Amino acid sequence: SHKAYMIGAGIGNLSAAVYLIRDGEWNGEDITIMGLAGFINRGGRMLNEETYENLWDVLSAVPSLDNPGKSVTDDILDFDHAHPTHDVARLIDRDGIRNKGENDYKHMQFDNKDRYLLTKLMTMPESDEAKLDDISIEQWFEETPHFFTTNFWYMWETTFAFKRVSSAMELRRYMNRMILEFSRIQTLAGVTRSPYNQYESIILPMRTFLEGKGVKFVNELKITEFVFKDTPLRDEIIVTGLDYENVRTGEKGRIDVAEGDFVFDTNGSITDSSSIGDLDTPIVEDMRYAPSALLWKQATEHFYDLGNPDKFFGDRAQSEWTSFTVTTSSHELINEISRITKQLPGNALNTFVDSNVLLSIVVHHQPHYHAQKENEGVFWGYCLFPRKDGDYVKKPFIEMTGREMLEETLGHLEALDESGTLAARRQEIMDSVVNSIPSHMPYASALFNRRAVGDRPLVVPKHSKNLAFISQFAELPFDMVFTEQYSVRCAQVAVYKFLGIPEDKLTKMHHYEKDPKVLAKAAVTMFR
């Protein structure tokens, strides 16, 4: 019987397994998936019910582990509909919340130059994307630096963790795929949240369902090299073996990939080489090159049409940022944040636009984890300039302990709090801390690095017989690479191609950017 081998266990390969089982009528036994106090916020943070067509469809076949008779899609949408989002303190500067006045976050704050360039970028056809090769956002708006002082830039860069040195291609894809969210970017009312963090709300329901269908899960094997069959013209990609190392025993070997078996590789991950600290210990930067990209980099030693992984994993300056998760033993700290920001938990992130490190925090709906106790509260924060000094803790953010990161956050919170109450309650706040876990990710935004078309392999390269790339570093049209939808889409493309399902059966994506009314509203929104 035909077999499938997944290298990486993220949502992309899991969705491939789902597609194989549901639409290809495979047996789970034929699929092998190979991966490797206080909470840590792992996983994707957003979704969008108007987009993510593939994700909702895959997740409509995974049962909820919490609610009998509900699919994971049902869980997620039922929750979100009952917890609508309206960000209030989206932007916070040294004077207060940009809720009102001249800097009101309803104002994009665009030039006429800013709208001209932004409209040119937005209206460039998909077929012309290569014209943007290696052009950063900084470069495309080189003539109008005023852009990088607007509300829109502050909101857009922090919403997705984009840098100005990053690829202008995605900003274009945003303005087309996410066009509907343009008019509501400041309230983030279009964001769709799952009840808990997505590892618990999405990943484990998926693994459980797959495990129940027979899929084999392996986590001791480091796949070390592809083994390709040679051909006279050397175009075809035919994987014949997977060289492995067992990281616990030390055994090495080769798994034979027979004729009719398929291989799914996740060529790179935004969490590769990440490291962790705790309340009193700063991170130690893992200097190793992205381990999940090594199979990819090695295949380029044999084939010429597979891209340049160094574009994505060779420039940490483009890709790195740092986050942290706070756990408290009482609701007090969350109550204080909720009061100072004029916002109930679960209403999207709050960005301190005048902070030196560009710090944002997110307070989720509580609880965010299944093992969260009734008395416990959790929130999450990150900065986009981890090398810069903190405003209140005057050392580089990336060198801070988890405590120091909270202290730097409180400083900004206290600065916005006129009552002075939070600062007064400092000792009690800190005593309530279970942990504050810093989390450094050198490739966190590597999927946004400056890129040229062709720097990423096709999901199924033009002459690949049985190798597919399912990742945020494979080439797919239209979709935003930030979204979990991207990897789910790669999976359907790969599975349907390998199985012979024609592309008109692929899941149909919404094209709001060709509805004239949508464009009209988008055009008007430019002047808001």
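Numbering starts at 1 and follows the sequence shown.
In the deposited sequence, how many residues between residue 36 and residue 37 have no modelled coordinates (none, 1 to 3, 4 to 9, 10 or more)? In the record, 10 or more residues between residue 36 and residue 37 lack coordinates.
Between 100 to 108 and 80 to 88, name whichever shows the higher mean Cα B factor according to the PDB entry. The entry gives the higher C-alpha B-factor average to 100 to 108.
Please compare 317 to 325 with 115 to 123 and name the stretch with the higher mean C-alpha B-factor in the deposited structure. The stretch with the larger mean CA B-factor is 115 to 123.
Please pick out which of 207, 146, 229, 368 has the largest Cα B-factor as recorded in the entry. Reading the PDB entry, the winner on C-alpha B-factor is 146.
Can you tell me which of 176, 375, 269, 335 has the maximum CA B-factor listed in the PDB entry? Of the candidates given, the C-alpha B-factor peaks at 176.
Sorting by Cα B-factor within the chain, modelled residues only, which third would residue 254 end up in: lowest, middle or highest? Within its chain, residue 254 is a highest-third residue by C-alpha B-factor, going by the deposited values.
What third of the chain, by the recorded C-alpha B-factor, contains residue 424? According to the entry, residue 424 has a C-alpha B-factor in the chain's highest third.
Residue 350: which third of its chain by C-alpha temperature factor? Its C-alpha B-factor belongs to the lowest third of this chain's values.
Lowest, middle or highest third: which one holds residue 66 when the chain's residues are ordered by CA B-factor from the entry? Highest third.
Relative to the other modelled residues of the same chain, rank the CA B-factor of residue 382 and answer lowest, middle or highest third. Middle third of the chain for residue 382's C-alpha B-factor.
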